[PDB]
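Student: Handing you this structure, nothing more for now.
Backbone-built Cβ (ideal geometry, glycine too); neighbour counts: all protein chains shown. Derivation of every value follows stated rules applied to the coordinates shown; laboratory data play no part.
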Amino acid sequence: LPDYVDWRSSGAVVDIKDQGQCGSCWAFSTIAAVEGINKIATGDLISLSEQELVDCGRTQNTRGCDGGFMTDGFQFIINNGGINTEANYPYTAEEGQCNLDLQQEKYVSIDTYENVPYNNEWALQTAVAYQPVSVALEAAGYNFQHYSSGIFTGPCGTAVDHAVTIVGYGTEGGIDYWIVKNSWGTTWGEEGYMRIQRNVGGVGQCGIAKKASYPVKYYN
């Protein structure tokens, strides 16, 4: 595996978005991952619709602005046979009735999705070396909330209360990190991103290795 990976450097990451006052993070993480594999597979970067997932992807466990799961996100895109664009189905940070017309417009498709084996930073690194990966982590703590720069090494718990997207990894001064794309806008962290410690073992830093998944496209 490479020592450094950054999917932003090859145009596979859409500019930072902001989920606003809505617990839709699962949807932003789902979309960032799908956007990434689409560019990597097809060669074209397209910004995709979080709102569609919020409005049309409700399940028993996925509940619009009241939280949800990236696996349910991926399931929707597979089951629907695709996802519409950000421009066509814009984000309003509010739950709305599923727009059937816009649900029927499919600009990007995925073939499958896979879960990263739990508590396994090596399997996670393997996945990130090929594409962005959806993850959930413990983001509730003061220090995480007020992160502005550097490599985040905690403190944080391991509850998976907030979804983000790993868009790469690297090392500086012997300290390994993941590059994480958050959906709190450009004013949090390193213009919307965080470097968070990697190779700490177990569930990973803030539980980042607990619930990782990614969308699959068969051909490159």
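Student: When only Cα pairs under 8 Å and 6 or more residues apart are kept, what is the percent relative contact order across the chain?
Tutor: About 26 percent, as a whole number.
Student: Moving to a separate point now. Relative contact order for the range 50-120: what percent, with Cα pairs under 8 Å and sequence separation of 6 or more?
Tutor: It rounds to 39 percent for the range 50-120.
Student: At q = 0.11, 0.14, 0.16, 0.18 Å⁻¹, what log₁₀ I(q)/I(0) does a Debye calculation on the Cα points of the chain give, no solvent, two decimals?
Tutor: Ignoring solvent entirely, the Cα scatterers give -0.47, -0.77, -1.03, -1.32.
Student: Each label point is 7 Å from the Cα along the Cα-to-Cβ direction; what then is the distance between the points at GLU191 and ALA87, in nm?
Tutor: Computed distance between label sites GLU191 and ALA87 equals 2.3 nm.
Student: Using the Cα gyration tensor of the range 166-217, with a ≥ b ≥ c the square roots of its eigenvalues, what is the shape: rounded (a/c below 1.5), prolate (a/b larger than b/c) or oblate (neither)?
Tutor: Judged from the Cα gyration tensor, the range 166-217 comes out oblate (a/c at least 1.5, b/c at or above a/b).
Student: Sticking with this structure for a sec: For the range 125-220, rounded, prolate or oblate, judged on the Cα gyration tensor with a ≥ b ≥ c (square roots of eigenvalues), a/c < 1.5 rounded, else prolate if a/b > b/c?
Tutor: rounded
Student: Helix-only mean residue ellipticity at 222 nm, the chain, DSSP H runs n ≥ 4 weighted -39,500 (n - 2.57), per residue, nearest 500. What is it?
Tutor: -6500 deg cm²/dmol
Student: I would also like to ask the following. Can you give the net charge of the other residues whose Cβ lies under 12 Å from the Cβ of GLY185, counting K and R as +1 and D and E as -1?
Tutor: Values: positive: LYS17, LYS181; negative: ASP15, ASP18, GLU191.
With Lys, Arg at +1 and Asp, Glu at -1, the net is -1.
Student: Can you sort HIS146, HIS162 by how many other beta carbons sit within 10 Å, fewest first?
Tutor: Result, fewest neighbours first: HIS146, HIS162.
Student: How much length is gained on full extension from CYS98 to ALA140, taking 0.36 nm per residue of separation minus their Cα-Cα distance?
Tutor: Value of the extension gain: 12.1 nm.
Student: Follow-up. At a 4.7 angstrom Cβ threshold, list every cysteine in the chain that has nobody to pair with, or say none.
Tutor: Here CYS25 come out as lacking a disulfide-compatible partner, given the Cβ-Cβ threshold of under 4.7 Å.
Student: Moving to a separate point now. Which FRET efficiency, nearest 0.05, do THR158 and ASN61 yield, Cβ-Cβ r, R0 25 Å?
Tutor: For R0 = 25 Å, the calculated efficiency reads 0.80.
Student: Which of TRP188, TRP178 comes first, and how do the rest follow, when ranked by fewest Cβ neighbours within 10 Å?
Tutor: So the ranking, lowest neighbour count to highest, is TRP188, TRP178.
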